[PDB]
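Below: the structure, in structure tokens.
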Amino acid sequence: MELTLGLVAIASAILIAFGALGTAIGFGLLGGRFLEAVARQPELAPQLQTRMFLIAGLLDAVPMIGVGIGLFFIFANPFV
Amino acid sequence: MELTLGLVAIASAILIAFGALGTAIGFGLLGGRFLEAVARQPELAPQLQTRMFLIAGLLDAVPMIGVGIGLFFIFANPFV
Amino acid sequence: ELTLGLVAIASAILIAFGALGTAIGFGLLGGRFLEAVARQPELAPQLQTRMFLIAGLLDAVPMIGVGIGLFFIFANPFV
Amino acid sequence: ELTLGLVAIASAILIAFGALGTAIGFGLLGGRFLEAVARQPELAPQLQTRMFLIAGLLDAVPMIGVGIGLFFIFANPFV
Amino acid sequence: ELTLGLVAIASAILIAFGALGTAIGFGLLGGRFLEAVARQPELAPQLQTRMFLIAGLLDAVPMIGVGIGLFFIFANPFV
Amino acid sequence: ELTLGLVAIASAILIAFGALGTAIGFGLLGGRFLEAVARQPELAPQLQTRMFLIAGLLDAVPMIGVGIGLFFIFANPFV
Amino acid sequence: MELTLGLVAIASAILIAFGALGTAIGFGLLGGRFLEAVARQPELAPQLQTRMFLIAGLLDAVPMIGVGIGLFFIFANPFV
Amino acid sequence: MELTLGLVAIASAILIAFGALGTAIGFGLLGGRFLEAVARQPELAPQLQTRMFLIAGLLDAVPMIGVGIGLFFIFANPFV
Amino acid sequence: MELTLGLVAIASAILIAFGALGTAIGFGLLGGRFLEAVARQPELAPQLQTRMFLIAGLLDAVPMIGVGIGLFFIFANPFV
Amino acid sequence: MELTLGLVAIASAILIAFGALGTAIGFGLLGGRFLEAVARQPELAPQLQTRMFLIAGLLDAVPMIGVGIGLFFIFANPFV
Amino acid sequence: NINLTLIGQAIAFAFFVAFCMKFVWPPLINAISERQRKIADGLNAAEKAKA
Amino acid sequence: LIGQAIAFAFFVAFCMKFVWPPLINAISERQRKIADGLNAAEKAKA
Amino acid sequence: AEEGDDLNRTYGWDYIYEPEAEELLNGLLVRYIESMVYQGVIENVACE
Amino acid sequence: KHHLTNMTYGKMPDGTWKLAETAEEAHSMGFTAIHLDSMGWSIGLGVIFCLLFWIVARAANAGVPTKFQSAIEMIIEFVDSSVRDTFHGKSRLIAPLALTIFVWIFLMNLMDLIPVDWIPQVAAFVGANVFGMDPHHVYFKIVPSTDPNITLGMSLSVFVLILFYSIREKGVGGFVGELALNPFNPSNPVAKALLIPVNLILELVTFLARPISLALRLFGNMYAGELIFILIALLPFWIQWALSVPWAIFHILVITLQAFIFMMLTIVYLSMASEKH
Amino acid sequence: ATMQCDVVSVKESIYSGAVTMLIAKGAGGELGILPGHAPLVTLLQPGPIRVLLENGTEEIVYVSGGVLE
């Protein structure tokens, strides 16, 4: 019984932890290039920031799916 | 029996999490050079959204596939 | 019942792991190819064709892993 | 009984790997930041402002994970 | 009993993980190759030729791994 | 029995990925720091200034993991 | 009896695929940079090709050793 | 019990295991960029090296601390 | 014993295969830059190759050490 | 207790492995830039090679520490 | 309870349509008016050139 | 499984039924673009 | 000679070198020398 | 909530408005033989645009139109421009194809912005009006379209069109052919598994896998949407619902994105199939 | 705003004035130029150059070889 409980707890940990890593990496990769671009073109900064926000929202989708399912397992406690 | 339920829960958890990771890295790889090219040629906005859309579609192929079937397991474990 | 969870985990590996591989690979292709077509917009289409060629080049074996996972899920070739 | 160590190690995984993701992401960020801020020293303040923007936007999910781990420790679920 | 599940897991690794190797390496090669042809559009033939050469040099180990995994799937040892 | 080893491994990995992240983030910071200093022999003080400004920003969550690990070693969980 | 057989098989296969990355990535990096070189100076394409083989013969040996050990396990694993 | 003793040994080993691996790679990248810069700046060797020693001391503090904890466990294993 | 026979098999696979990547990745990283240097400096190639082999031999010491450890475990395993 | 023997054997394998990876990967990182710079500036080859040795040994220390711990535990396994 | 949740949803949609009005309408409206005006300009140019 | 096939066949029929109208709508705009060109030609002739 | 003179600081700002700085500088020296020759031709024509 | 959680467990994971021919129609049987009987809702939702564009087709003009007609000609111009300038195969009705499939996937993902729970708490009056309530308590209330079988049908339809072209460019012989850079092996059994099997699976599965991926594209995205809505359902009053709104905004942004790239890749396959070999 | 652009050859200049957009074919990347842009230098393809004033007009100059600062 405790086996299944440990399984679901570990699964919940999985879902948030890995997605956090992935979004961190995507964030850093965009940040370096975004800043270097702004350095290159210090002028058109608004739509640069705009595209940056848009693709940033594009990034986290499936990781947010994962975190949602993790909290699903936390509170709804499926199969528990 | 419940042990195999936790087994499939773990399979699905790691499945969706890995999909999230792959997407969260591929999107970043795309966006970096995307912003860089935008910085190079501000005028080419239409083609660059075009190509970026194309490639973003080409990217996510397997990850949310496994996501979908894993959640199918969550609702219908594909076994007893 | 143990073998059932075993093969379920195995299929999880089978598809997700190649999923990582494909996602990162095509991400690199997109970044580099995007840079290139930015460099010569005039040379976009045939380069896109090249890109499609290499896209077909890469994706072969990940699709194989997906197919193996599907085969196992529909019919585990075991107890 | 085993659930105690199980949830404890789940929390440890969450917080530790979140630390990994943060640290390495900020390292990647700071590299190109140092590059750019060196290239255009006069823009340093507004560059810092963009850095603050992305710094906030960056590591929220690790904070979420570490908080959930701490709840799992003290206000333990799965009991 | 469990031996079948372990053999399946091993085969899944054999095929999937080298599928990553092909995916990631081909990703790097495709990016660089497209860069190169962007440099010299006229030299595309020899570029493609070298690409075929190196890729063919690559996939041998993946071929071995996937063949061995498929052998297990159809004819496993340690029955 | 088991819970003891569980919490031991939990604290170990806590500190272990903490240290991994710290080391690699420091390397990533330093590389670009040093190349920028080479290009700009002038502004080394303010570069170092911002460098620590972001270094202290960096090791925060790893320091949190350090605190968690030390607490676990001294004041463990339930078992 | 399941223990030794299954573990031997697992170890052999991981040896193999883990080398699969070894060869794949090492060769991928070498080939990418070779393509860069021939892009710069296509004249020395065969000389750089010679150096390419010089590296190819140098990168692959240990993975082949792992392959042989795995095959030894497949055919006659030295164990009980 | 002896299971737990082996587990504590596993933890103590594994801590310094990652610690050494991460510190080695961090010095690897950091020093490689050192060689780059100092090669580009043959005269700036002393000040650059001073910074190098400062940052190298700054790098592996927490790693050496974890190593000390591992040795503490090796001599005096707690949670018996 | 069979349990621990498999355990020794696993540790041996760790050492051997793990050295396989350590060497393969080190060699690919070496060779990429080496081809770069050959491209830029088609004259200094001899000493280039000499330093290359020097550092490469400096590399695979601990890898071959692990290989010897693993093959020692294969033929004449310890803790018998 | 054989289970504990497998435990410690796997732990030592991990230790020696991580040392090997640090050595190989860091050495490749250094060597890339070493050869690059020396091809750029063959003049500074003595001084820069000196710094290269200065940092190479400055890298692998804690790797060697882990290697020694693993080797000792092979010879004299603690906590028996 | 049920009423509470449904009212929460309704308040949510209130905030949505508040932001939908504020943010989504203007670009579409401007583009529509601009093309209508420019097509009118093209037709007037045709008439002027005919005369 | 039957629903899969019915969705397949039945979506296509609807698309086929709606095919003439989209093309008609598309052509009806090109004429507006034509007028500007004609006006330019008239100016050139003038 | 005014290549080490007429200067008082090295600008913390600098250009990024899309081609190799070496070949770029070489082409520069080419143009500079040609321009020098050209103006000398002009001057001697005026003297004539 | 807890009983509400049980009702949610029963309700949303329903199949085709819980319909099964030659059997019951509200609680027939878990996973027994059945057919799709919710796609018709989306079919009619598409007939809605069919009439909305028949409006402009009959009310077609060359001058300035009303606001809605102007926006319609916006979209028509935009989509036609995109499809044509990207690439064209045979100029045979491809653009109407692309535009209708665009707007369909658009709508078919769109409706999900509505509450999951308003549908049952309203249609309970109709359920009590006709055809029982307890099987409705199990699962009989309509759900915004979330079955993948529609995706499977669309994907196979595209694949059939691909096959039709591949025979109309008659490249089927070369289409079976493939590029194999794997001729040899240093040992007997590995070469034995190399020659026939490796390249055979290679030429088999490559093009087969893609439409599957496309169908699951549609399904997984739309499914992720519904599940986010589902998790929003909890916290009946202690929540302020101020954080579901931003995700909903993001999801809206997505909707267009996946629909667009879907009909893109549709065009891409049609193009490559319409090309030599 | 705009910023000064100076089209100068060894014999003489060709165009001068303050402008806000420029199109130029670099030795490597094609380049678009805007006022305030980070300082840059590169070699130029022997092709035409397009420069865009804020008056809704864009000049053209045909260039064979040269450098851009």
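Following the order of the structure tokens, first chain is A, next is B, and so on, with residues numbered from 1 inside each chain and ligands from 1 in the order they appear.
RMSD of chain I versus chain H, all Cα atoms, in-order pairing, least-squares fit: 0.8 Å.
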With only C-alpha atoms as the counted atoms, please give the residues lying no more than 8 Å from region 40-56 of chain H, apart from itself and same-chain residues fewer than 5 positions off, as a list in words.
residues 30, 34, 38 and 41 of chain F; 27 and 34 of chain H; 44 of chain J
Residues of chain E within 8 Å of chain C, counting only C-alpha atoms, what are they? List them as a list in words.
residues 1, 2, 4, 5, 6, 8, 9, 12, 13, 15, 16, 17, 19, 20, 21, 22, 23, 24, 25, 26, 27, 28, 30, 31, 32, 34, 35, 38 and 73 of chain E
Those residues you just picked out, can you put them in a file as a CSV table (one decimal), in the first residue's frame with N, CA and C atoms?
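Done, and the output landed in part29.csv:
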```
chain,number,residue,atom,x,y,z
E,1,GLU,N,9.7,-15.4,-15.2
E,1,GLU,CA,8.6,-14.4,-15.3
E,1,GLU,C,9.2,-13.0,-15.6
E,2,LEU,N,9.8,-12.5,-14.5
E,2,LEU,CA,10.3,-11.1,-14.6
E,2,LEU,C,11.4,-11.0,-15.7
E,4,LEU,N,11.4,-11.7,-18.7
E,4,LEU,CA,10.9,-11.2,-19.9
E,4,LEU,C,10.8,-9.7,-19.8
E,5,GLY,N,10.3,-9.2,-18.7
E,5,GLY,CA,10.2,-7.7,-18.5
E,5,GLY,C,11.5,-7.0,-18.6
E,6,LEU,N,12.5,-7.6,-17.9
E,6,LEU,CA,13.9,-7.1,-17.9
E,6,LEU,C,14.5,-7.1,-19.3
E,8,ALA,N,12.8,-6.9,-22.1
E,8,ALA,CA,12.1,-5.9,-22.9
E,8,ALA,C,12.6,-4.5,-22.5
E,9,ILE,N,12.9,-4.3,-21.2
E,9,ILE,CA,13.5,-3.0,-20.8
E,9,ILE,C,14.8,-2.8,-21.5
E,12,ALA,N,14.4,-1.9,-25.1
E,12,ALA,CA,13.9,-0.5,-25.2
E,12,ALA,C,15.0,0.4,-25.1
E,13,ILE,N,15.9,0.2,-24.1
E,13,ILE,CA,17.1,1.0,-24.0
E,13,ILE,C,17.9,0.9,-25.3
E,15,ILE,N,17.4,0.3,-28.3
E,15,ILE,CA,17.0,1.0,-29.6
E,15,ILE,C,16.8,2.5,-29.3
E,16,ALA,N,16.2,2.8,-28.2
E,16,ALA,CA,15.8,4.2,-27.9
E,16,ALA,C,17.0,5.1,-27.7
E,17,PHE,N,18.0,4.7,-27.0
E,17,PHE,CA,19.0,5.5,-26.5
E,17,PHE,C,20.0,5.9,-27.6
E,19,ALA,N,18.9,5.8,-30.6
E,19,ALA,CA,18.0,6.7,-31.4
E,19,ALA,C,18.3,8.2,-31.0
E,20,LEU,N,18.6,8.4,-29.7
E,20,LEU,CA,19.0,9.7,-29.3
E,20,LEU,C,20.3,10.0,-30.0
E,21,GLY,N,21.2,9.0,-30.0
E,21,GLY,CA,22.6,9.4,-30.5
E,21,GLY,C,22.5,9.8,-31.9
E,22,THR,N,21.7,9.1,-32.8
E,22,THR,CA,21.5,9.5,-34.1
E,22,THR,C,20.8,10.9,-34.2
E,23,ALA,N,19.8,11.1,-33.4
E,23,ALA,CA,19.0,12.3,-33.5
E,23,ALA,C,19.9,13.5,-33.2
E,24,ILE,N,20.6,13.5,-32.0
E,24,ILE,CA,21.4,14.6,-31.6
E,24,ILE,C,22.6,14.9,-32.5
E,25,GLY,N,23.3,13.8,-32.9
E,25,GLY,CA,24.4,14.0,-33.8
E,25,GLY,C,24.0,14.5,-35.1
E,26,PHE,N,22.9,14.0,-35.7
E,26,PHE,CA,22.4,14.4,-37.0
E,26,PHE,C,21.9,15.9,-36.8
E,27,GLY,N,21.4,16.2,-35.7
E,27,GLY,CA,21.0,17.6,-35.5
E,27,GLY,C,22.2,18.6,-35.6
E,28,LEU,N,23.3,18.3,-34.9
E,28,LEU,CA,24.5,19.1,-35.0
E,28,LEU,C,25.0,19.1,-36.5
E,30,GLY,N,23.3,18.6,-39.3
E,30,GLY,CA,22.5,19.3,-40.2
E,30,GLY,C,22.6,20.8,-40.0
E,31,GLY,N,22.7,21.3,-38.8
E,31,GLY,CA,22.9,22.7,-38.5
E,31,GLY,C,24.2,23.2,-39.2
E,32,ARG,N,25.3,22.5,-39.0
E,32,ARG,CA,26.6,22.9,-39.5
E,32,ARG,C,26.6,22.9,-41.0
E,34,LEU,N,24.0,23.1,-43.2
E,34,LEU,CA,23.2,24.2,-43.7
E,34,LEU,C,24.0,25.5,-43.6
E,35,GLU,N,24.7,25.7,-42.5
E,35,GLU,CA,25.6,26.9,-42.4
E,35,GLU,C,26.6,26.9,-43.6
E,38,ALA,N,25.2,27.6,-46.9
E,38,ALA,CA,24.9,29.0,-46.9
E,38,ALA,C,26.1,29.8,-47.2
E,73,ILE,N,13.5,-9.1,-29.0
E,73,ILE,CA,12.1,-9.0,-29.1
E,73,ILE,C,11.5,-10.2,-29.8
```
Within 12 Å of residue 234 (chain N), counting only C-alpha atoms, which residues qualify if same-chain residues fewer than 2 places away don't, as a PyMOL selection string?
(chain A and resi 71-72+75-76) or (chain K and resi 1-2+4-6+8-9) or (chain N and resi 1-5+8+116-117+227-232+236-241+244)
Store the residues picked out above, limited to C-alpha atoms, as a PDB file, in the first residue's frame.
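Output (again.pdb):
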```
ATOM      1  CA  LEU A  71      -0.904  19.082  -8.208  1.00  0.00           C
ATOM      2  CA  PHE A  72      -3.711  16.840  -9.491  1.00  0.00           C
ATOM      3  CA  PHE A  75      -4.804  17.057  -3.970  1.00  0.00           C
ATOM      4  CA  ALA A  76      -7.189  14.892  -5.991  1.00  0.00           C
TER       5      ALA A  76
ATOM      6  CA  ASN K   1     -21.409  25.901  -2.915  1.00  0.00           C
ATOM      7  CA  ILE K   2     -22.367  25.163  -6.508  1.00  0.00           C
ATOM      8  CA  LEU K   4     -20.437  29.976  -5.345  1.00  0.00           C
ATOM      9  CA  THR K   5     -18.339  28.211  -7.979  1.00  0.00           C
ATOM     10  CA  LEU K   6     -20.615  29.286 -10.822  1.00  0.00           C
ATOM     11  CA  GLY K   8     -16.735  32.701  -9.464  1.00  0.00           C
ATOM     12  CA  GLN K   9     -16.752  31.584 -13.093  1.00  0.00           C
TER      13      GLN K   9
ATOM     14  CA  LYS N   1     -16.854  19.188  -4.177  1.00  0.00           C
ATOM     15  CA  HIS N   2     -16.090  15.578  -3.279  1.00  0.00           C
ATOM     16  CA  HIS N   3     -19.369  14.316  -4.714  1.00  0.00           C
ATOM     17  CA  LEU N   4     -18.768  16.886  -7.448  1.00  0.00           C
ATOM     18  CA  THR N   5     -15.373  15.252  -7.968  1.00  0.00           C
ATOM     19  CA  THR N   8     -16.579  14.861 -12.789  1.00  0.00           C
ATOM     20  CA  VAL N 116     -17.221  22.496 -18.109  1.00  0.00           C
ATOM     21  CA  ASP N 117     -19.735  22.735 -15.276  1.00  0.00           C
ATOM     22  CA  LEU N 227      -7.842  19.072 -18.178  1.00  0.00           C
ATOM     23  CA  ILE N 228      -6.689  22.543 -17.157  1.00  0.00           C
ATOM     24  CA  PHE N 229     -10.333  23.569 -17.121  1.00  0.00           C
ATOM     25  CA  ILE N 230     -11.013  20.506 -14.972  1.00  0.00           C
ATOM     26  CA  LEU N 231      -8.410  21.388 -12.363  1.00  0.00           C
ATOM     27  CA  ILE N 232      -9.845  24.903 -12.251  1.00  0.00           C
ATOM     28  CA  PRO N 236     -15.369  26.344  -4.931  1.00  0.00           C
ATOM     29  CA  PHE N 237     -15.078  29.671  -3.100  1.00  0.00           C
ATOM     30  CA  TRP N 238     -11.766  30.111  -1.256  1.00  0.00           C
ATOM     31  CA  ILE N 239     -10.163  30.802  -4.630  1.00  0.00           C
ATOM     32  CA  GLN N 240     -10.469  34.159  -6.367  1.00  0.00           C
ATOM     33  CA  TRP N 241     -10.082  32.632  -9.860  1.00  0.00           C
ATOM     34  CA  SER N 244      -7.021  30.753 -14.175  1.00  0.00           C
TER      35      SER N 244
END
```
Using only C-alpha atoms, I'd like every residue of chain O that has an atom within 12 Å of chain E; please write them out as a list in words.
residues 27, 28 and 29 of chain O
Mind listing as a PyMOL selection string which residues of chain J are within 9 Å of chain H, counting only C-alpha atoms?
chain J and resi 1+3-5+7-8+10-12+14-23+25-34+36-38+40-41+44+48+51-52+55-56+58-66+69-70+78-80
Residues of the last selection are to be written out with N, CA and C atoms, as a compact mmCIF listing (two decimals), in the first residue's frame.
```
# COMPACT_ATOMS: atom_id res chain seq x y z
N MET J 1 24.57 -10.33 3.65
CA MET J 1 25.53 -9.24 3.65
C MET J 1 26.09 -9.00 2.25
N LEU J 3 24.47 -8.46 -0.26
CA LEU J 3 23.78 -7.27 -0.73
C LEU J 3 24.58 -6.02 -0.41
N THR J 4 25.16 -5.95 0.79
CA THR J 4 25.96 -4.79 1.15
C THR J 4 27.24 -4.73 0.32
N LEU J 5 27.80 -5.89 -0.01
CA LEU J 5 28.96 -5.93 -0.89
C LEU J 5 28.63 -5.33 -2.25
N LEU J 7 26.21 -3.20 -2.82
CA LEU J 7 26.02 -1.78 -2.53
C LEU J 7 27.33 -1.02 -2.66
N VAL J 8 28.31 -1.41 -1.86
CA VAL J 8 29.57 -0.67 -1.81
C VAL J 8 30.32 -0.79 -3.13
N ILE J 10 28.98 -0.97 -6.16
CA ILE J 10 28.35 -0.01 -7.06
C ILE J 10 28.75 1.41 -6.69
N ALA J 11 28.82 1.69 -5.39
CA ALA J 11 29.20 3.03 -4.95
C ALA J 11 30.61 3.38 -5.41
N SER J 12 31.54 2.45 -5.23
CA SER J 12 32.91 2.68 -5.68
C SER J 12 32.97 2.85 -7.19
N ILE J 14 30.66 4.14 -9.03
CA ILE J 14 30.18 5.50 -9.28
C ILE J 14 31.29 6.51 -9.02
N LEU J 15 31.98 6.35 -7.90
CA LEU J 15 33.06 7.26 -7.53
C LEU J 15 34.11 7.34 -8.64
N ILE J 16 34.67 6.18 -8.99
CA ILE J 16 35.74 6.14 -9.98
C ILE J 16 35.23 6.65 -11.31
N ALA J 17 33.97 6.35 -11.63
CA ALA J 17 33.38 6.87 -12.85
C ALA J 17 33.43 8.39 -12.86
N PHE J 18 32.84 9.01 -11.85
CA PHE J 18 32.68 10.46 -11.88
C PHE J 18 34.04 11.13 -11.96
N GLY J 19 35.04 10.55 -11.30
CA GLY J 19 36.40 11.02 -11.50
C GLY J 19 36.84 10.94 -12.95
N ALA J 20 36.57 9.80 -13.60
CA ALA J 20 36.96 9.64 -15.00
C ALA J 20 36.28 10.66 -15.89
N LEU J 21 34.98 10.88 -15.68
CA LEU J 21 34.25 11.84 -16.52
C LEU J 21 34.79 13.24 -16.34
N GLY J 22 34.99 13.65 -15.08
CA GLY J 22 35.57 14.96 -14.86
C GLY J 22 36.88 15.11 -15.59
N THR J 23 37.77 14.12 -15.45
CA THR J 23 39.06 14.18 -16.12
C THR J 23 38.89 14.33 -17.63
N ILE J 25 36.27 15.02 -19.68
CA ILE J 25 35.51 16.12 -20.25
C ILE J 25 36.25 17.44 -20.03
N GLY J 26 36.72 17.68 -18.80
CA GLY J 26 37.47 18.90 -18.55
C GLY J 26 38.72 18.98 -19.41
N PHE J 27 39.41 17.86 -19.60
CA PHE J 27 40.61 17.87 -20.43
C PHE J 27 40.27 18.23 -21.87
N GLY J 28 39.16 17.70 -22.39
CA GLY J 28 38.75 18.11 -23.73
C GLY J 28 38.45 19.59 -23.80
N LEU J 29 37.72 20.10 -22.80
CA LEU J 29 37.41 21.53 -22.76
C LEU J 29 38.68 22.36 -22.84
N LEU J 30 39.64 22.06 -21.98
CA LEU J 30 40.90 22.80 -22.00
C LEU J 30 41.58 22.66 -23.35
N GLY J 31 41.76 21.42 -23.81
CA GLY J 31 42.56 21.18 -24.99
C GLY J 31 42.04 21.89 -26.22
N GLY J 32 40.72 21.99 -26.36
CA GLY J 32 40.18 22.73 -27.48
C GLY J 32 40.77 24.13 -27.56
N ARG J 33 40.63 24.88 -26.47
CA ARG J 33 41.15 26.24 -26.45
C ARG J 33 42.67 26.27 -26.46
N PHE J 34 43.32 25.29 -25.83
CA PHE J 34 44.77 25.25 -25.86
C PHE J 34 45.28 25.19 -27.29
N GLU J 36 43.60 25.85 -30.00
CA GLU J 36 43.15 27.03 -30.74
C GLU J 36 44.11 28.19 -30.54
N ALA J 37 44.42 28.50 -29.28
CA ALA J 37 45.30 29.62 -28.98
C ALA J 37 46.70 29.37 -29.53
N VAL J 38 47.23 28.16 -29.34
CA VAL J 38 48.60 27.91 -29.77
C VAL J 38 48.71 27.99 -31.28
N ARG J 40 46.80 30.04 -32.97
CA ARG J 40 46.78 31.48 -33.14
C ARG J 40 48.14 32.09 -32.82
N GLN J 41 48.67 31.77 -31.64
CA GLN J 41 49.91 32.37 -31.14
C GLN J 41 50.89 31.26 -30.81
N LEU J 44 53.62 32.23 -27.91
CA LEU J 44 53.33 32.10 -26.49
C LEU J 44 53.16 30.66 -26.05
N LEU J 48 52.01 29.66 -22.38
CA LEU J 48 50.62 29.25 -22.33
C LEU J 48 50.50 27.77 -22.01
N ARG J 51 50.87 27.59 -18.30
CA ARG J 51 49.58 27.86 -17.66
C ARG J 51 48.63 26.69 -17.83
N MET J 52 48.69 26.03 -18.99
CA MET J 52 47.85 24.87 -19.25
C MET J 52 48.11 23.76 -18.24
N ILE J 55 46.82 24.80 -14.75
CA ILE J 55 45.39 24.66 -14.52
C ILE J 55 44.91 23.22 -14.63
N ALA J 56 45.56 22.40 -15.46
CA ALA J 56 45.14 21.01 -15.63
C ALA J 56 45.24 20.25 -14.32
N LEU J 58 45.38 21.80 -11.59
CA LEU J 58 44.48 22.56 -10.74
C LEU J 58 43.04 22.08 -10.87
N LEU J 59 42.76 21.23 -11.86
CA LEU J 59 41.42 20.71 -12.09
C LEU J 59 41.18 19.40 -11.34
N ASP J 60 41.99 18.38 -11.62
CA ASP J 60 41.67 16.99 -11.33
C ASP J 60 41.88 16.59 -9.87
N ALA J 61 42.08 17.54 -8.96
CA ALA J 61 42.44 17.19 -7.59
C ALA J 61 41.35 16.35 -6.92
N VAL J 62 40.17 16.93 -6.74
CA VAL J 62 39.08 16.26 -6.05
C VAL J 62 38.66 15.01 -6.82
N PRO J 63 38.71 15.02 -8.16
CA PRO J 63 38.59 13.74 -8.88
C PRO J 63 39.54 12.68 -8.37
N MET J 64 40.82 13.02 -8.21
CA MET J 64 41.77 12.06 -7.68
C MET J 64 41.40 11.64 -6.27
N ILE J 65 40.86 12.57 -5.47
CA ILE J 65 40.44 12.23 -4.12
C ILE J 65 39.37 11.15 -4.16
N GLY J 66 38.36 11.35 -5.00
CA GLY J 66 37.32 10.34 -5.13
C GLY J 66 37.86 9.02 -5.63
N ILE J 69 39.52 7.27 -2.75
CA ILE J 69 38.53 6.73 -1.81
C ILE J 69 37.94 5.44 -2.36
N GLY J 70 37.56 5.45 -3.64
CA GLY J 70 36.99 4.25 -4.23
C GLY J 70 37.97 3.10 -4.24
N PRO J 78 35.14 0.12 4.03
CA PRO J 78 34.77 0.51 5.39
C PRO J 78 33.39 -0.02 5.74
N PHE J 79 33.07 0.10 7.03
CA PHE J 79 31.75 -0.25 7.56
C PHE J 79 31.40 -1.71 7.25
N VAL J 80 32.22 -2.60 7.78
CA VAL J 80 32.03 -4.03 7.57
C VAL J 80 31.59 -4.70 8.86
```
